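In: this one's experimental. Sequence and coordinates below.
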Amino acid sequence: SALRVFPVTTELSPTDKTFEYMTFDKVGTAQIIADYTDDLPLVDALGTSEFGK
Amino acid sequence: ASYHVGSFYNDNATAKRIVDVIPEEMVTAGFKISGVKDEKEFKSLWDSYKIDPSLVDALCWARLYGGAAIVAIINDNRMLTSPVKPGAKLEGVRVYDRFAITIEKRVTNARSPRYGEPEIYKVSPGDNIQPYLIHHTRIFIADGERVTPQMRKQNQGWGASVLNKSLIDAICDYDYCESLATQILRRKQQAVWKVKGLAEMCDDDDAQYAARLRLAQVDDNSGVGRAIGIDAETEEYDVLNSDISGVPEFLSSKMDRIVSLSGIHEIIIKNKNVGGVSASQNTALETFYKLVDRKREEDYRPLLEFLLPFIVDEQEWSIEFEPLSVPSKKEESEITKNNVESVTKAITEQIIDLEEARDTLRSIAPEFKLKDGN
Amino acid sequence: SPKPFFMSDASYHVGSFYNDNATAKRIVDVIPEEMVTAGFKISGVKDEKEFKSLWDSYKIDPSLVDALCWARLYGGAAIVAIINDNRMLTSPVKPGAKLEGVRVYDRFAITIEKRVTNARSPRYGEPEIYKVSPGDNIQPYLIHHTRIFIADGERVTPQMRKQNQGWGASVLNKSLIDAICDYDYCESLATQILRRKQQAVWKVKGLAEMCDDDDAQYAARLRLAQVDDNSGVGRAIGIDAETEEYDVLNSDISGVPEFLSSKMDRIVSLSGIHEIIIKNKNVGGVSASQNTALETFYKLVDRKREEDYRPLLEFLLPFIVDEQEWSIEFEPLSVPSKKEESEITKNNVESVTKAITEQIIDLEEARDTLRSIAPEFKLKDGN
Amino acid sequence: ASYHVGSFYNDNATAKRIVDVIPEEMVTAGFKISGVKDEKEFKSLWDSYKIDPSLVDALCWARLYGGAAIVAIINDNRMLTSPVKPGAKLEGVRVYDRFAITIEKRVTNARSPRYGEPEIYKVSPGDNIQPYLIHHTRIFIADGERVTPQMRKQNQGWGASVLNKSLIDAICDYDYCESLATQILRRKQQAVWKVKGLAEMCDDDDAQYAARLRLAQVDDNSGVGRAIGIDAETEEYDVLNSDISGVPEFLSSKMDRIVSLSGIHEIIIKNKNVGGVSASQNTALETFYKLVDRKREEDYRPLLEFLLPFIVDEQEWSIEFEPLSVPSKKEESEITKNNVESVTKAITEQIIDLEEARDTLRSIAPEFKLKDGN
Amino acid sequence: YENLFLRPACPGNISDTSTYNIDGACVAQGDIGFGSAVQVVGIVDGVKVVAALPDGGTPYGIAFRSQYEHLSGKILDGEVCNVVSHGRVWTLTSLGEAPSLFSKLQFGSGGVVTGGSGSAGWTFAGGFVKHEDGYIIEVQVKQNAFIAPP
Amino acid sequence: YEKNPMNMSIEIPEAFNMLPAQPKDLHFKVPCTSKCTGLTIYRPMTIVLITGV
């Protein structure tokens, strides 16, 4: 019952031999400012991956 | 290097030419429609909408990035994600690049033949407006050139860029060869000056500085009409030289490889007439014409089928492409003479009457304007 | 030599050489869409306006194009046509004229389900059920032979055919493959020879005393490069007679363009598509030889078209036209000119009625004669 | 050093062209049938059977292997070993190679002229079907080229492969010449660097690795705009060079040998226009047409007499081979004009009447559609 | 996220495109040469009057090279003058060898660099090339580094 | 667990197929093959396993 209990996908070519997927992340913040300001907080991103066989 | 082909496109004007000469000329060639009551109002509405620059840009993005989309917003009293009821009406169209479209909802019902085709498109333009959704009938998607299905499915059913790595490196090394040729010309002749004990002087001191200044000064004033004096026992002054030959032929061969890999020929890619022949560049024009026409039926026509029914109230029509041949009044002057004598040199003996003879003569677009009538 | 038990040759290499190299793209792609877009005409039908209407309603010629493309590349392709039939998709088709779509699969997606070799039927040896495994997570569905059509590539030995489960071979045989491959090698060597035209040698006795990777050696290298960049035809360099000598060596370069042209000519010869089409360069020295070159090219493409384009037509037509007996004509694949088209229309219009006025040839057939050859002269249907 | 021809066929491309170019064009040329009441139903029935792919590969394997067979099955109420009764029925045709056919039974009756010709053919297709026996009239055998009889009866009365030893090794030598030319180009220049005491440095150790890495590094950065340093007292750096000339001419001579042995000329085997003349490749083509028709008359027609009487119920008929010449609209219209004016310019005064003038005009293939009648 | 370098290394010009400041509302008393330190002798109507550095003064900036304001080759009396108050700049020097990186420079008479052992002030930036049988160094000027003695 | 192809999946790049029969003296040999990867969990924490029931 494996093929009927878990989903089956076909997004993989018969010649492929390893696969990989990606993951993202972010950081940031904000403040209360005035009209004449020259500094503001910044944001960024991140990334990661995993493999298979 | 330059894996993002957009930078290459906006940097090197050559790739610009290869990517934009074909589709834009294709659309500017024009077309004509049959089965309509008339065509003057057709043209009036057409240039009233005046969307052919957007069409040009859509085709260019499809050819370059491998994909593009256009959304046609229609004046209807329904929310946009819903499908479209029958009718002939339009108020605007706008084009999105390959990066702005994703699939949202998919249908797999076996009853309809549209299973495996997206129904809902997620469009995310940006500009601090929320990404939204489009029904399939409202949008049209344009692709580039065909690619193996294994690559097609990993490119989420989208085509490939026309600037493949072979053409990229062929473009890249040509400029390198040109710079090398400039260096070859720079290094044609060299002068060598040898002085006993020249190594004795300390580094970066006044003596060495004065020696260098003297060398530069005497270099500045030498020539055919000027001479130099030296010391026989200590110093000598010699010259070495090398020849240059074949470099223009190397550059020509590299450019010819560019032409062969591109597929568009010389009098369009290097924009230089061969000059040795009078009436062969014309046949080059018809070879280019057959190439552009053949690429035309594969992509320009689907745009016409997608958009044309939304503007014309007429039921059944035909779309026929104007023959892409650069005309010449004189030549069409005898063309019109031939047509006018052929159309009625012999119809005076058959049932071919006025209301069909006039239609025949003004179907072939003449310079003769004819009011509608009997 | 040892080899895997699951033989697979035209699996990855052909696809890579197609989607990476450009000359392979051209050599496999110039033919099919030219064949399909040359156009065709039908005979035995009441009218042609509705024929073109149904054709540009169905809009299947890009599918035909890339179907023939995979047929030429992978050695095999299949197209399935869906019919408006109230039966299970395993069942055959009853006689009729109806269809709702045509869609294409590659060589990899079709296999044989069960085989019939009955003696009385001439269909012995012919796989009667095809098992297709589509992509995008769709369950396989077996098909009766009547619905789908299988298109092959080029002829091979029957010994190879049976080993390749009744499937042709790729046009990109290893001879053409490595002929294409070594061209880039020759080009790279040509560029390398161009770089290596001229060299300069600077000899300083005692240079061996220099320490490796210390300030002294770095300073020497900085000075050498600095004096190198500022040299030229308008500048002079000074050296010491006792310690150092500065010589220049050079070599000649010639014949490289001819050698590369010969390699390209070999590519043309193995390709079979001639110069002004594969290299897209007009010879330039002659006015009207490209016309005969291109008519020979149409000879090639027409003799290839008669082998593969027709079976698609004979497979699709019986499902679209209710008329019982029709024939296919191929339009003459030669581009004609407003000038000469006007001239030929004049010629045929005066030939058709210059002398028929004295015989029983009447209007009701003269009109069919004049509008049979597709004119620019329209005519409303009538007497 | 003898190799089976099938591997060479399905591996090499020039062999493919040499073996394949003639039969396919030959069969696609077409024909016309005389004595027939009408030709529309003839073509309808012909492309209903649609046997031309089988015909193509039958002729191909006859050309290659020196022998091929076709099995033609008929609507009849008898076993396959029996002869064929008079009639015109056909239901299918299939093609078998050289290796699956043998002779079974012998006839030597002096009464019939059939002595010395096999009466029963023993087919062994294999593929888990029992080999069977077929009567003479149900099978046709296609043979290759003529051979001396002392080899003919040694080869069971069968032809030989068109790829003989001279053709095979002439083809093989060309690739060797190309590889040698590539080597010649690669060995144009050589740089030699000699250092006193270099032999003292021992094999495969760290010092040798460092020295050779340094040599590779300095070689990678040499060129026109860069110089190298040398120690005068111990080491010397020289360059040796060689010239290249005549290699394209030698390759052209080898291609000459290939075309001379093949027998099909250059604009068909190399497929390259001469370029220096505009109106000589036309007579080149007509020489090709003459030779291909000469070969066609020998072997393609036997298929016509083998199969045609089995489908046509008419008692008498004839085969005419269509004039194998490319037909250009303009000259076709001109020829039609000439024919129509000749056919009735001077028949107005004699007994040449309409019922046969119509036959004459619609026999010579016109574009002039005309319904049958008086 | 990086700072670009500037191409010509002549005395009196800027060497980088880092944060710099140019005080262009000034006038000269006497003659000044490009690449020398200057001092502020007075202020009139929002304009600073500068002169070449004497003994006992506090340097304020370094004269800056311009090809429109100074057509002669140097800055002349009664001319509007450009002065760099913050940034990296090539200066004339009388030194013989490069000092330690990030040391403190000392200015002799006429606005030339002669010391590398100062207590506080401007610092050496790591550039040392040769000009006219003399050398050029690279200095990092900061705005409030040198403070006028009470 | 939660059933969705974005959390767990099983890939079948190659379907079951039969190679042509290799003949010997008086018998044949017919091999078969396919490909698989097993179960892959891109998003854990959507699965809970209660043990020792």
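Out: Here it is on my side, so go on. Numbers count the residues shown, from 1 in each chain, chains lettered A, B, ... in the order given.
In: in chain A, which spans are strands?
Out: A:8-9, A:20-27, A:44-51 (DSSP state E).
In: deepest of these, which one?
Out: Sort these by mean neighbour count, taking mean count of other C-beta atoms under 10 Å in any protein chain shown, and strand A:8-9 sits at the top with a mean of 14. No exception for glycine: its C-beta is placed from N, CA and C like everyone else's.
In: how far away from the center of its chain is it?
Out: From the chain centre to the centre of strand A:8-9 is a distance of 21 Å (C-alpha atoms, centre = their mean, to the nearest Å).
In: who are the packing partners of it?
Out: Judged by 3 or more C-beta pairs under 8 Å, 6 or more residues apart in numbering or on different chains; DSSP states H and E, strand A:8-9 is in contact with strand F:8-11.
In: ok, then the element right after the strand it packs on?
Out: Sequence order places strand F:17-18 as the next helix or strand after strand F:8-11, per DSSP states H and E.
In: if we can go back for a sec, among the strands of chain A, which is nearest residue B:87?
Out: strand A:8-9 (40.0 Å; C-beta to C-beta).
In: so what's the residue count around the closest residue to chain C within chain A?
Out: Taking C-beta to the nearest C-beta, chain C has its nearest neighbour within chain A at residue A:10, 4.5 Å off. By other C-beta atoms under 10 Å in any protein chain shown, the residues close to residue A:10 number 16.
In: look up how far chain D lies from it.
Out: 33 Å (C-beta to the nearest C-beta, to the nearest Å).
In: one more: residue B:33?
Out: 27 Å.
In: now do the SS call for that residue.
Out: strand (DSSP: H, G, I helix; E, B strand; the rest coil).
In: my read: it touches residue B:321, true?
Out: No - assessed by C-beta atoms under 8 Å, residue B:33 is found out of contact with residue B:321, at 10.7 Å.
In: separation between the closest residue to residue B:72 other than its chain neighbours and residue B:54?
Out: Counting by C-beta to C-beta, 6 or more residues apart in numbering or on different chains, residue B:72 lies nearest to residue B:93, which is 4.5 Å off, once chain neighbours are set aside. Applying C-beta to C-beta, to the nearest Å, one obtains 6 Å for the distance of residue B:93 from residue B:54.
In: coming back round to it: and the residue nearest to the residue of chain A closest to chain C when sequence neighbours are not counted, how many residues sit next to it?
Out: In this structure, residue A:10 finds its nearest non-sequential neighbour in residue C:137, 4.5 Å apart by C-beta to C-beta, 6+ apart. Neighbour count of residue C:137, defined by other C-beta under 10 Å: 14.
In: residue C:137 contacts residue B:106, correct?
Out: No - using C-beta under 8 Å, residue C:137 is not in contact with residue B:106; the gap is 10.3 Å.
In: in chain B, which residue sits closest to chain F?
Out: residue B:150 (11.0 Å).
In: ok but that residue is inside a helix, no?
Out: Yes - Residue B:150: assigned to a helix according to three-state DSSP.
In: where along chain B do the helices fall?
Out: B:5-11, B:13-29, B:40-49, B:52-65, B:149-154, B:165-186, B:206-220, B:247-262, B:266-269, B:281-307, B:329-343, B:354-363 (DSSP state H).
In: for the second one, packing partners?
Out: By that I understand helix B:13-29. helix B:5-11, helix B:52-65, helix B:165-186, helix B:266-269, helix B:281-307.
In: neighbouring contacts of that helix?
Out: B:8-10, B:52, B:55-56, B:59-60, B:63-64, B:162-163, B:167, B:171, B:258, B:262, B:264, B:268-269, B:292, B:295-296, B:299-300, B:321-322, B:324 (C-beta atoms under 8 Å, 6 or more residues apart in numbering or on different chains).
In: so how far is it off the chain centroid?
Out: With C-alpha atoms, centre = their mean, you get 2 Å for helix B:13-29.
In: how about the CA coordinates for that helix, as CSV?
Out: Only the C-alpha atoms of helix B:13-29 are listed here, as CSV (Å, rounded to 0.1, in the frame of the first residue of the first chain):
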residue,chain,number,x,y,z
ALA,B,13,25.4,45.5,-29.5
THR,B,14,26.0,42.5,-31.7
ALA,B,15,23.9,40.1,-29.6
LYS,B,16,21.3,43.0,-29.6
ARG,B,17,21.2,42.8,-33.4
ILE,B,18,21.0,39.1,-33.6
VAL,B,19,18.1,39.0,-31.1
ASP,B,20,16.1,42.0,-32.3
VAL,B,21,16.4,42.1,-36.1
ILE,B,22,14.1,39.2,-36.9
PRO,B,23,10.9,39.7,-34.7
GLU,B,24,10.6,43.4,-35.1
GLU,B,25,11.0,43.3,-38.9
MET,B,26,8.6,40.4,-38.8
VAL,B,27,5.8,42.4,-37.2
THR,B,28,6.5,45.6,-39.2
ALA,B,29,6.1,43.6,-42.4
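In: what's the separation between the residue of the stretch 201-350 of chain B found nearest chain A and residue D:335?
Out: When distances are taken as C-beta to the nearest C-beta, the stretch 201-350 of chain B reaches nearest to chain A at residue B:298, 26.5 Å away. Distance, residue B:298 to residue D:335, by C-beta to C-beta: 36 Å.
In: repeat for residue F:29
Out: Residue F:29 is 65 Å from residue D:335, by C-beta to C-beta.
In: next: residue A:40.
Out: 85 Å.
In: same question, residue A:36
Out: Relative to residue D:335, and taking C-beta to C-beta, residue A:36 is found at 91 Å.
In: contacting residues for the residue in chain A positioned nearest to chain E?
Out: Of all residues in chain A, residue A:42 sits closest to chain E, at 11.6 Å by C-beta to the nearest C-beta. The contact partners of residue A:42, by C-beta under 8 Å, 6+ apart, come to residue A:28.
In: the residue nearest to residue B:72 against residue B:58, yeah?
Out: No - in this structure, residue B:93 is not within contact of residue B:58 by C-beta under 8 Å, at 9.1 Å.
In: quick one: residue E:39 is in a strand?
Out: Yes - according to three-state DSSP, residue E:39 belongs to a strand.
In: give me the nearest residue to it, chain neighbours excluded.
Out: The nearest residue in space to residue E:39 (C-beta to C-beta, 6+ apart) is residue E:57, at 4.3 Å.
In: now do the SS call for the one you found.
Out: coil.
In: please report phi then psi for it.
Out: phi -90, psi 170 (degrees, to the nearest 10).
In: neighbours of it, how many?
Out: Quick note: residue E:57 (other C-beta under 10 Å) scores 20 neighbours.
In: for the stretch 101-250 of chain B, which residue gets nearest to chain D?
Out: residue B:183 (5.1 Å).
In: any idea how far the residue most central in space within chain F lies from residue A:8?
Out: Central residue of chain F (C-alpha atoms, centre = their mean): residue F:36, 3.7 Å from the mean position. Note on residue F:36: its distance to residue A:8, by C-beta to C-beta, is 11 Å.
In: tell me, what's touching these two both at once?
Out: Contacts common to residue F:36 and residue A:8, judged by C-beta under 8 Å, 6+ apart, are F:10-12.
In: CSV for the residues you listed, including distance to chain B and neighbour count?
Out: Formatted as CSV, the shared contacts of residue F:36 and residue A:8 follow (distance: C-beta to the nearest C-beta, whole Å; neighbours: other C-beta atoms under 10 Å in any protein chain shown):
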residue, distance to chain B, neighbour count
F:10, 18, 17
F:11, 14, 19
F:12, 15, 18
